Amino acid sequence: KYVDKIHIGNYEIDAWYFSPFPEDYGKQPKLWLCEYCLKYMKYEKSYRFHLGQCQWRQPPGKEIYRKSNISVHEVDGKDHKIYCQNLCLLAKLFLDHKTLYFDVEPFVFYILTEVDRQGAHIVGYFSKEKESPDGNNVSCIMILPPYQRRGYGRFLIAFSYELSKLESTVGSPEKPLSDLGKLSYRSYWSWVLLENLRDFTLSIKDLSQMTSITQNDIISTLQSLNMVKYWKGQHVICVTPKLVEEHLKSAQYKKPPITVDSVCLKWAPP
């Protein structure tokens, strides 16, 4: 009765949550998704027909980042409404808290793809309100299940902050975050703050301007590392160069990242 399984690319993926595709679409065993234009279909037969006809081989919009075979496309919800709606319905299969699927005009979508000779294969995305009253640099962020915990979420988080830096703004993900989202942000913040502390020294305000991480997220991260003291109503960094190195040598920071090469990012504040 609900969509419980999708086929996209060469992946079949079980659903995690309800997503409000039309009811007739939920009645089948599977939904079949074109991995390039994200059209969803009811039957393997219409999917195969679509595959031989569809001419798209990458997301719409502008490629604002390209390094080697890693690419990010910026898609304006107002310019590519159907695609962005398709994207939000797919994302809702794996996000508990996302609530906006059809009114996509106030959002811009950053699509992460992995390119090979056949085309640019979607890995995940994050959305961003064009005008955030509460200073969120991410509204929702989603990595497709078979790509999770493989460095792609870390890339997208870093990417969202590289945009904030170009905007001369601090930003924060819209809350609530998933379990994995909490872990991923905490670990991204810890790495970024510890590398900055090793490289220089710095106030909490200094770190915020260098990283675009909000002062609250910095404070809560430093508290979980136990590197902040409290003095007459103010949080003050309290860290020795050696303790920073003992943290950075820890095994969790051992996997080599997909980095965001600032030189490969083509984007100006809107």
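All residue numbers refer to positions in the sequence shown, first residue = 1.
Going from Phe200 to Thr201, you skip over 1 to 3 residues of the deposited sequence that the entry leaves unmodelled. Stretches 120-128 and 170-178 differ in mean CA B factor, with 170-178 having the higher one. When the mean C-alpha temperature factors of 208-216 and 236-244 are read from the deposited coordinates, 236-244 comes out higher. When the C-alpha B-factors of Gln28, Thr221, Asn69, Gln58 are ranked from the entry, the top spot goes to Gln28. Of the candidates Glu74, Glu114, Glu162, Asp103, the one whose C-alpha carries the top B factor in the deposited record is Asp103. When the modelled residues of the chain are ordered by their C-alpha B factor, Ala268 lands in the highest third.
Per the deposited record, the Cα B-factor of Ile258 falls in the middle third when ranked against the other modelled residues of its chain. Annotation for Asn137: C-alpha temperature factor in the middle third relative to the rest of the modelled chain, per the entry. Among all modelled residues in its chain, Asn86 ranks in the lowest third by Cα B-factor. The PDB entry assigns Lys92 a C-alpha temperature factor belonging to the lowest third of its chain's modelled residues.
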